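Same protein, same chain, two forms; see structure 1 and structure 2 below, as structure tokens.
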Structure 1
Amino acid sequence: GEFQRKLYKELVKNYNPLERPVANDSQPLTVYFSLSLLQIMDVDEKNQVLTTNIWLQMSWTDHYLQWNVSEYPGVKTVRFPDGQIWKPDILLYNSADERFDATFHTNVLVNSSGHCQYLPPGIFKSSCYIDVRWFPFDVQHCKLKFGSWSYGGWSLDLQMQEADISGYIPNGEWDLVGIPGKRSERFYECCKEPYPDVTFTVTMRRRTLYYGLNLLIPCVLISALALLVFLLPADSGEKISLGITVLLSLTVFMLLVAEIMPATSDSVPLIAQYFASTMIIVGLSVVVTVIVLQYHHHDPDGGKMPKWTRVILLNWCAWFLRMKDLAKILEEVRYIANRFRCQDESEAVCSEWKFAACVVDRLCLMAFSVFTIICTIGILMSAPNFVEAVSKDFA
């Protein structure tokens, strides 16, 4: 238009994009800083970074960009590109990013009274400590620290406005609890002037449904399947063939486990100690099976039974469980009869060893059942906010 052309030619005249737009040079320039969270992209435990989609919001008052609407009855707002008017240098302090800015400077909207508004959208990568001790029942607290790079409290004093979470697009894997802000002042031993900053703490909770369905169920099933070894009869030559195949399947399942579990060495994740306890239980099952088989295959050369060994496994442990011419012909045939009698005596004395082995199997079944139930329940129950996690996620 004919009016906004002369207004644009008038505004930029004798204008310097390096001076702070104030009227006295001794008064602070009030900048209202806010934030708008759009979504959470990824949370990396390897490099300890947090990727979010955030729209910043800045608003200050300029003094050299004021005009009377009466002389320009068709113009109410003007827009300037990046590098033609003064802009505050507020940027993320953490900013664990390659280019460190990730801001995409857009145009700057200015009203007719000098009130300037500016909101650059970008994807930020902050650096926060991730505590993985109670994985996967953990809760994180990551900080976003904004502030001016080279302006003090007497030149550009930051103010804070509540963050906006409208249009959050829930992540699905992480659940957002809230995002409060806080303004602080840092003093140096130079000048006795404040250095204000605005920090937003993003509090988020991990969802434990995918892990509880894809890691807990197969581990519990394999651990309970490993206990069937004691139920098998020793006559079938398939006891070790099951006891070691379960362990092989656990080893191949740890391959799927590995790609998920974090590799931090600061502490021991709860899922790691749970899987290690399960693995130790399955490992000791084979040793118990080996001892039971060493007791079942009793060669007929080691007596009947030691008194100390018998008096326990057949009287006390079995009580707790409630198991419960013609002369040559005569000499030729009585030898066969006595041979059969002696073989029957040998098999009768060797049957009790098999019965003791069955008793030992039942004892080990009870002991390992209570071991695995107690370990599996206790390890998961010991974690904090477990009841809150199951109540929110599962139910």
Structure 2
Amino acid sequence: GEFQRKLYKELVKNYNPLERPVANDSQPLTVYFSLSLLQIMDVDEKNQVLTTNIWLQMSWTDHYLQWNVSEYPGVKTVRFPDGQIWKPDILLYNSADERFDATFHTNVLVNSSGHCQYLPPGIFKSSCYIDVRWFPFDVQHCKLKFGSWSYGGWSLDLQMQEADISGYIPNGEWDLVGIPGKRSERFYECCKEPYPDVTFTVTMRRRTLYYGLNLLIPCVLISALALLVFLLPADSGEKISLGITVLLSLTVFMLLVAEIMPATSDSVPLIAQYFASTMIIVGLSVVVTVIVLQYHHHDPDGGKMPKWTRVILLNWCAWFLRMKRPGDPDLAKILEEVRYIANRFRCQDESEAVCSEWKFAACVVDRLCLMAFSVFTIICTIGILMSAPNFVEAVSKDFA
């Protein structure tokens, strides 16, 4: 259009993109800043990097870019590319990307009175502290700090507007709680002029269904199966294998959790405490199994049963767990031989009785330790999994 061509020719006369567009040079240029959250794309726990998809919103008033629509009837707005008009240099101080600025530079929409609009999209990789103390029942607060880089507080009056979440797409792993913001001005060692900035905090809660189904339940089941050694008879000759195999099979779970966790030294993760407790339980299970095995394969006439062992394992625990304790010269020569044979059988009977009593003691010890270990593992698991805050909320929101 001829009007469009004339307006574009007239709007660029003696225009310097290096100057701040203010009618008076002694007042700051008010700029309104806001962002629109679109998607939380990634939360890296190991590298402590948060990846989001946002649209920055910048608005200000330009004094030289004004015209009367009477002389230009058809055209009401004008768009300008990068490098042709003045734009604020607003960056992200918290950036964690090789290019310190990740914004696709689009056009600038202008009023017929000089109201510039800037909506640059882009995927932002910011570095925020990730707390894994109560993993996987944790809520994270990651900050996004925005502000002008080279304009002080006397030339650029930054003003914050509320973030817009009307186009937010659920992540499916993180539940968004909110995104407040606040404006503050700081002093830097470079200069003696305040530099206002706008900080947005993103609060999200991890959904625990997947982790609960894939890490907590299998460990519970395997630890429960590890108690099955306290039910096998000692004569089966398989007791050590169960404990060893369950220890081996939980080593891989420990290694997996270690590989998915950041190498932080600020606190002990709740899952780490759980796995250490389970390791301890299995270790003492194996120790008790060895003790029972060495009690059951006792050598008759190899020692004397201590009186304390006798009383404690035959009159107290047997009662408490309702145990039931099991229970012419030729003729002369013939007689000598038959008494010898009978005496040999009698000694065999005494030896087998001693062996039976030793085996009964081993069985009593085994059952008592079974009960104690079951109580201990239930208590430890319940306490560890209930210690974390908002665990009831997480359960009621995800599972039920």
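Counting starts at 1 and follows the sequence of structure 1. Just so we're on the same page, rigid core means the largest C-alpha set that superposes within 1.5 Å between forms.
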item	value
Single mover in 123, 119, 257, 288, with Cα shift of 2 Å or more between structures 1 and 2 when the core is superposed	257
Residue 100 C-alpha relocation of at least 2 Å between structures 1 and 2, rigid core basis	no
Rigid core superposed: residue 305 CA moves 2 Å or more between structures 1 and 2	yes
Residue 210: Cα shift of 2 Å or greater between structures 1 and 2 (core-aligned)	no
Per-residue C-alpha deviation between structures 1 and 2 [residue 193; rigid core superposition; Å]	5.3
Once the two forms are fitted on their core, CA shift of residue 89 between structures 1 and 2 in Å	0.8
Shift in Å of the residue 172 Cα between structures 1 and 2 [rigid core superposition]	1.1
